[PDB]
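This document starts with one chain, in the form deposited in one PDB entry, laid out as structure tokens.
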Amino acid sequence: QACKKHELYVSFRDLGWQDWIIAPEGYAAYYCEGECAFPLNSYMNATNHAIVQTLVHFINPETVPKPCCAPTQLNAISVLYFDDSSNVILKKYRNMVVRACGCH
């Protein structure tokens, strides 16, 4: 239940992009989820600011929430599609995949 990376496959059919994409038919997108509380194991990649916020939360929970589990690194995907003039084009979409998460 601690902050970590999870699996998530995204199908272009579910989003309604199947019409003009030639390949791939979907991709492994992943997602960050879980608690950012003590112990802030090093693997959880907390910043100094997160350590401070988690301590403040411990001292008076009304003053500030716990940090949130979020992506610390992302990578692009490339898709092959047909434009409106029937051209076949390769398009790069940046920040589409989660590679690592942390309490930031």
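Rigid core: the largest C-alpha set superposing within 1.5 Å between the two forms. Numbers follow the displayed sequence, beginning with 1.
Looking at mean Cα B-factors across 50 to 58 and 37 to 45, the upper value is held by 37 to 45. The question of which stretch, 60 to 68 or 25 to 33, has the higher mean Cα B factor is settled in favour of 60 to 68. When the CA B factors of the chain's modelled residues are split into thirds, the value for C103 lands in the middle one. Ranked by Cα temperature factor within the chain, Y81 sits in the highest third according to the deposited record. Among the modelled residues of its chain, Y9 has a C-alpha B-factor that falls in the lowest third, as given in the PDB entry. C3: CA B factor lies in the middle third for its chain, per the PDB record. The PDB entry assigns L90 a C-alpha temperature factor belonging to the middle third of its chain's modelled residues.
We do not show the form deposited in another entry, though everything after this point is about it.
Positional change of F82 between the shown form and the other one reaches 2 Å or more at the C-alpha, relative to the superposed core. For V10, a C-alpha deviation below 2 angstroms is recorded between the shown form and the other one after rigid-core alignment. Once both forms are overlaid on the rigid core, the distance between the two CA positions of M96 between the shown form and the other one is under 2 angstroms.
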